[PDB]
Amino acid sequence: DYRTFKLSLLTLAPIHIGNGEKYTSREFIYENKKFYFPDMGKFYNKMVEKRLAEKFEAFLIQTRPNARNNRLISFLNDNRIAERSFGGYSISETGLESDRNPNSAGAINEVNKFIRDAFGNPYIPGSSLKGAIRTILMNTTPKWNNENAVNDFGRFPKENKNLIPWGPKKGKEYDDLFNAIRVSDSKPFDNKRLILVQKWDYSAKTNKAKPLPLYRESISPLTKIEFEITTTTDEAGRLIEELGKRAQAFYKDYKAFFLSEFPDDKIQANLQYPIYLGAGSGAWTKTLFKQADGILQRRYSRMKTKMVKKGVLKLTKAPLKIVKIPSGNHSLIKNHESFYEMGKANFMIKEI
Amino acid sequence: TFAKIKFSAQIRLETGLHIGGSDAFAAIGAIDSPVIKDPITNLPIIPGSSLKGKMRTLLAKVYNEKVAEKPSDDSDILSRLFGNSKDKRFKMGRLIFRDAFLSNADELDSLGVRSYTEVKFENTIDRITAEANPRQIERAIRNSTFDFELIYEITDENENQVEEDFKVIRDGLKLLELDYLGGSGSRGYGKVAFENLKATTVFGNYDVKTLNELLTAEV
Amino acid sequence: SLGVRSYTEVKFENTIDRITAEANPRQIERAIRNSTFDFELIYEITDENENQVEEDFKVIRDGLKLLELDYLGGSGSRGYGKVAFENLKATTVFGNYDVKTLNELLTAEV
Amino acid sequence: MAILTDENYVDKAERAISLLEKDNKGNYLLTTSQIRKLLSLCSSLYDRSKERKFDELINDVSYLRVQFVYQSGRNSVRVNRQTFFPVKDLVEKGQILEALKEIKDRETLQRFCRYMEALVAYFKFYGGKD
Amino acid sequence: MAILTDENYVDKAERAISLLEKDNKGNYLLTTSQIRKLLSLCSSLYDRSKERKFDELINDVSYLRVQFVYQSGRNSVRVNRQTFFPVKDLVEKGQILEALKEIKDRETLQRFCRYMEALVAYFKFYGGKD
Amino acid sequence: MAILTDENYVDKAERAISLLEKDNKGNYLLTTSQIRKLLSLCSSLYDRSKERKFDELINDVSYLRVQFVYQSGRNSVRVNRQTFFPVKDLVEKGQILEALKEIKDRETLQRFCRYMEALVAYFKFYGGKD
């Protein structure tokens, strides 16, 4: 009575899923064309055997570094440390990680961490992919993407969480649809698939991309990640077997709604069924944009960073990659300024 | 012909498990969903009530031939194995489940972990306002293994039913593998696997060679 | 010394309705897992027992083993009441009787 | 001479957190999210002090100390063009590092972890936010 | 002067429970599940005070005070667009902290535990929920 | 004015028992197992009142009152989709709570204990199950 599907995810762009934590510049070393993230405990243990525990503690305690005492490489240089075996991991320098020089200005002060397990290995949680799938399914079902999805009985509008029934009811048959759809997480991938992209915003009014101080740990483009999706009812089986051709319908609506207002070279092409995963893909990829139009922008009308019209396009920077497919040679992006549509990925779902 | 056969296995998690308890052993500054823990060691456990209840509910969809509104309305093949408080024939079942405790804490330490429960950060995103409400959920570590012990008793009431009860036990364990042990498993929690699943006659005289063959081959 | 604050825990459980899937909670009291209790069992030998002492000893060992393989009273089909008999030995507290072979069998068999 | 004893750590935590910096509205600048990792590490160290010997827990205390220094140096809250550092304020006003220097066996370690228990308890008591 | 005496603590609980915050429907805001840990700790302390002297019960009393001040600020219920602290209200109206500060010997400790028993008894007598 | 005198407490128990609420089947909702602890405490208090002076019995009377109100608020039976409190009803109709406040010496204590014995006797006489 259970159906099992295999969802293969191929990232077409950097994908970041955070845990709320951030590396500070006193925690990583930019050298030898790489970002080295040591283990703080191992670093401190090696620094108590060199009689520099008090110096390192004064370095970390200092709440107001001026411009250069905020970097760990300054501590490693002043105090004459040559050892680099502190555990941790490394990220290969891309070049398009900061619009300025990472070793000259303030530059990368904070890095948003990717989600990891207790062993320090990155992975994609099943809750994240389930949320993306739920957005795709809710946007392409006319009985959920209607005006009844907005709870207007309040100070400001919000979502009608009771539109898709969930939970037990007194004396009624159990009617939770999304309990039947069970998305598992991934087996952890390696830190060799991680890059240090930066947030760029492309405005349809300014007609240019503006960089922002928001650096993330992201999966590199062309990464293969496998998920298992289990279905326990029949309706959810139809929904999941229709995950493609619903992702295509959602992307068609999204392109006709938002992506059509931007230059074609800034918009990526799809090899498989499209999806948007993780942080940075935008507000319209995470909402019912047909019903959230108007409400979402007025939520930010009284902030300094005002949402104007339908917002800006999120375009990170990451190295250009060609792929070999049956059609020949395919460029992941159509522009020469190395602009990936942040959060974009493709998938194929089979019926294992 | 009384005998007792112990199915011993290793419940190795394939994902973090959140069986969930109260705040009796919760930290004094933790806004969390705590897991059920040993009172002394403060380690995560898999209570036998969770295993028994989940296995019974899963086997109720395969071995009933009639939808049951209650565990008392269960079929005979499951009532004689799990018990039935409204049946003098099956009031005491033939299966004893046992609490499972962490059995590879040393291996987890050698793998480089600082605690045997992690805290996963989730949120719910409003689909009209794009407003995120976060939560923290405690989970047991993914590569944890728990000692699983299940005792099956054989009396004269098991004269020609042991080969069927063995099959039901195997099917229940397999269904538990294609399901999740108690938790938020619809978002990818509580996936488990049964390793080194073997049956040992711990009391009396009984031959478990064939059963052990289907245990270690079919699994 | 292990820092326990109570000698009884409260185990929290719930029952899920088969049709409506409603969870009804329930808490019960349990003794702490690694608690140890002093077990004493007196056995009396008279003129009537002299030819049945070994059978009685075998039955006592089998009963202790069966209790170890079962649960002591409670909701033990759901994982309660599993016990072990540690430092299990028999000594003659009255009269004269040799418990050397009985002690060897008790240590080897439990 | 020890700053933490079994007869004063709760009152010490009382005074330490009653002196924490406050906004002009009266709310505490410190939040539980800024000290969540430190509290988790203290809880794990207390749990592990019961079983294992103190010589095994020699790296855990050092990791806890480096975490305390890192969190005190990194956490900043900016209100009304003024930047405060609530975790560093808590560390200096509670003498966390000095108390960590006086950890030499199971008793002192458990006393320090109970002191952190008292600190967060009374922080929540006087309107601390999550 | 002591606030808990053998003649007044039951009437003190009588007076304290009647003043607890209520909803507009008239039911209480505090529940037994919020004070379950505090009741368990008081019961364990009272049981263990019979068999052993007050000299080495100091850690249990200090932890009891820490848990009281923690559960006061931890438990918050939001009803009708207004935050309430029911355990904090009970602690401030029953003078739990001031009665704890008066504990110096076995007699006062047992009096405090009996006062806590009287408080929960009268809370349940007046329609308090679990 | 004393509600319990040496001339009418048996009749008061009789009327109280006759006024106790029943089920649809005429069965008493109160059971002896619900008041077993109360009866044991009353018997111990009556036994101790013969030799010990009322000075050391005040704590026992206070705990007895605490147990009475706790059992009034704790025991509840739900039948025919309606909930009832048998111990609370017994306490109200039997007029027990304020009969406890007039216990000022040995005579009043023994009067109350004999009143409780009469209540039990007439409760069992009218079909009160165990």
*Output yes when any residue across segment D:110-122 is buried (at least 21 other Cβ atoms within 10 Å of the Cβ) and away from chain E (no Cβ under 14 Å), and no when none is.*
no
*asked:* Take the residues in segment C:81-102 that are within 12 Å of chain B (Cβ to nearest Cβ) and part of a loop (DSSP other than H, G, I, E, B); name whichever of them is surrounded by the most Cβ atoms within 10 Å (Cβ to Cβ).
replied: C:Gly81
*Find the strands (runs of 3 or more DSSP E) located wholly in segment A:122-228 whose residues include 1 or more that are more than 25 Å from A:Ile15 (Cα to Cα), and list them.*
none
*Under the condition of being out of contact with any helix residue (DSSP H, G or I) (no Cβ under 8 Å at 6 or more places or on another chain) and among the acidic types (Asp, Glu), which residue from segment E:45-74 is nearest to D:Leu119 (Cα to Cα)?*
E:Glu56
*Residues being closer than 11 Å to F:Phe123 by Cβ and touching an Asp or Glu at 6+ places or on another chain (Cβ under 7 Å): count how many of those fall in segment F:1-25.*
1
_So for segment D:41-62 (the condition being buried (at least 20 other Cβ atoms within 10 Å of the Cβ), of a type in the set (A, V, I, L, M), more than 19 Å from A:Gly41 (Cα to Cα) and touching a residue at least 60 places away in the same chain (Cβ under 8 Å)), does at least one residue qualify?_
no
_Looking only at segment B:27-36, filter to residues that are free of Cβ contacts under 8 Å to residues at least 24 places away in the same chain and not small (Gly, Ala, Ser); which one of those is farthest from the other protein chains (Cβ to nearest Cβ)?_
B:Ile36
*Scanning segment D:1-40 for residues that are surrounded by fewer than 16 Cβ atoms within 10 Å (Cβ to Cβ) and among the aliphatic types (A, V, I, L, M), which turns out farthest from A:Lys46 (Cα to Cα)?*
D:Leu19
_Where the second residue is assigned to a loop (DSSP other than H, G, I, E, B) and among the aromatic types (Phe, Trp, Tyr) and the first is under 9 Å from A:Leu313 (Cβ atoms) and in contact (Cβ under 8 Å) with a residue 12 or more places away in the chain and lies in segment A:258-269, which pairs have Cβ atoms under 6 Å and are six or more apart or on separate chains?_
A:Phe258/A:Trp284
*C:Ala23 within 30 Å of B:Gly83 (Cα to Cα) and within 10 Å of chain B (Cβ to nearest Cβ)*: no
*Out of the residues in segment A:171-201 that are within 7 Å of another protein chain (Cβ to nearest Cβ) and among the polar types (S, T, N, Q), which is surrounded by the most Cβ atoms within 10 Å (Cβ to Cβ)?*
A:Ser184
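Condition test on B:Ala3, is it surrounded by fewer than 22 Cβ atoms within 10 Å (Cβ to Cβ), within 10 Å of chain C (Cβ to nearest Cβ) and of a type in the set (A, V, I, L, M, F, W, C)? Let's see the steps before the verdict.
Details: surrounded by fewer than 22 Cβ atoms within 10 Å (Cβ to Cβ): yes; within 10 Å of chain C (Cβ to nearest Cβ): no; of a type in the set (A, V, I, L, M, F, W, C): yes.
No; evaluated as a whole, the condition is false for this residue.
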_Which count do you get for residues in segment F:26-61 that are within 14 Å of chain E (Cβ to nearest Cβ) and either assigned to a loop (DSSP other than H, G, I, E, B) or touching an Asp or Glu at 6+ places or on another chain (Cβ under 7 Å) (or both)?_
6
*Within segment B:103-158, how many residues turn out to be part of a strand (DSSP E or B) and not aromatic (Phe, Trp, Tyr)?*
24
*Return the total of residues in segment D:65-93 being within 24 Å of A:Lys55 (Cβ to Cβ), without any contact (Cβ under 8 Å) to a residue 40 or more places away in the chain and either polar (S, T, N, Q) or away from every other protein chain (no Cβ under 11 Å) (or both).*
4
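Matching residues to (1) touching a residue at least 12 places away in the same chain (Cβ under 8 Å); (2) of a type in the set (S, T, N, Q); (3) crowded, with 19+ Cβ neighbours inside 10 Å; (4) at the interface with chain D (Cβ under 10 Å from one of its Cβ atoms):
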| residue | (1), (2), (3), (4) |
| --- | --- |
| A:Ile17 | yes, no, yes, no |
| A:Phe28 | yes, no, yes, no |
| A:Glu31 | yes, no, no, no |
| A:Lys34 | yes, no, no, no |
| A:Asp39 | yes, no, no, yes |
| A:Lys42 | yes, no, no, yes |
| A:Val48 | no, no, no, yes |
| A:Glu54 | no, no, no, no |
*asked:* So, A:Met307, is that one within 21 Å of the chain's Cα centre (by Cα) and either within 14 Å of chain B (Cβ to nearest Cβ) or surrounded by 18 or more Cβ atoms within 10 Å (Cβ to Cβ) (or both) or not?
replied: yes
*Criterion: of a type in the set (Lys, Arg) and assigned to a loop (DSSP other than H, G, I, E, B) - qualifying residue of C:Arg26, C:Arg33*: C:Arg33
*Could you list, in sequence order, all residues of segment A:310-345 that are over 19 Å from A:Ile195 (Cβ atoms), under 20 Å from the mean Cα position of the chain (by Cα) and without any contact (Cβ under 8 Å) to a residue 60 or more places away in the chain?*
A:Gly311
*For residues in segment A:100-117 being within 18 Å of the chain's Cα centre (by Cα) and surrounded by fewer than 20 Cβ atoms within 10 Å (Cβ to Cβ), which is nearest to A:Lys33 (Cα to Cα)?*
A:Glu110
*Identify, from the list B:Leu78, B:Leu59, B:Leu51, B:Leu13, the residue that is farther than 30 Å from E:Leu41 by Cβ and facing another protein chain (nearest Cβ under 8 Å).*
B:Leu51
*Just one of the numbered conditions (1) part of a helix (DSSP H, G or I); (2) free of Cβ contacts under 8 Å to residues at least 60 places away in the same chain; (3) farther than 26 Å from A:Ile124 by Cα; (4) of a type in the set (S, T, N, Q) is not true of A:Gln248; which one?*
(3)
*Evaluate segment D:94-112: report whether one residue or more is under 13 Å from the mean Cα position of the chain (by Cα), touching a residue at least 24 places away in the same chain (Cβ under 8 Å), within 26 Å of B:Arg114 (Cα to Cα) and in a loop (DSSP other than H, G, I, E, B).*
yes
*Right, E:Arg74: within 27 Å of B:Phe25 (Cβ to Cβ) and among the basic types (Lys, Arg) or not?*
yes
*Scan segment A:156-203 for residues that are of a type in the set (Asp, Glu) and within 16 Å of B:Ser184 (Cβ to Cβ) and report the count.*
2
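Scan segment A:66-77 and give yes if some residue there is free of Cβ contacts under 8 Å to residues at least 40 places away in the same chain and in contact with a helix residue (DSSP H, G or I) (Cβ under 6 Å, 6 or more places away or on another chain), otherwise no. Quick ask: steps written out before the conclusion?
Our first condition is that a residue be free of Cβ contacts under 8 Å to residues at least 40 places away in the same chain; within segment A:66-77, this holds for A:66-69, A:74, A:77.
Of the ones still in play, those that are also in contact with a helix residue (DSSP H, G or I) (Cβ under 6 Å, 6 or more places away or on another chain) are A:68.
Checked segment A:66-77: at least one residue is free of Cβ contacts under 8 Å to residues at least 40 places away in the same chain and in contact with a helix residue (DSSP H, G or I) (Cβ under 6 Å, 6 or more places away or on another chain).
What number of residues in segment C:1-57 are of a type in the set (S, T, N, Q) and closer than 30 Å to B:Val67 by Cα? Let's see the steps before the verdict.
Restricting attention to segment C:1-57, the residues satisfying the condition of being of a type in the set (S, T, N, Q) are C:1, C:6, C:8, C:14-15, C:20, C:24, C:27, C:34-36, C:46, C:49, C:51-52.
Going one step further and asking which of them are closer than 30 Å to B:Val67 by Cα, we end up with C:14-15, C:20, C:24, C:27.
The total comes to 5.
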*Would you please name the residue that is farthest from the other protein chains (Cβ to nearest Cβ), looking only at residues in segment B:37-48 that are part of a loop (DSSP other than H, G, I, E, B) and under 21 Å from the mean Cα position of the chain (by Cα)?*
B:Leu43
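Bear in mind that the values in this text are calculations on the coordinates, not laboratory data. Neighbour counts are summed over all protein chains in view; Cβ atoms, including those assigned to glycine, are modelled from backbone coordinates with ideal geometry.
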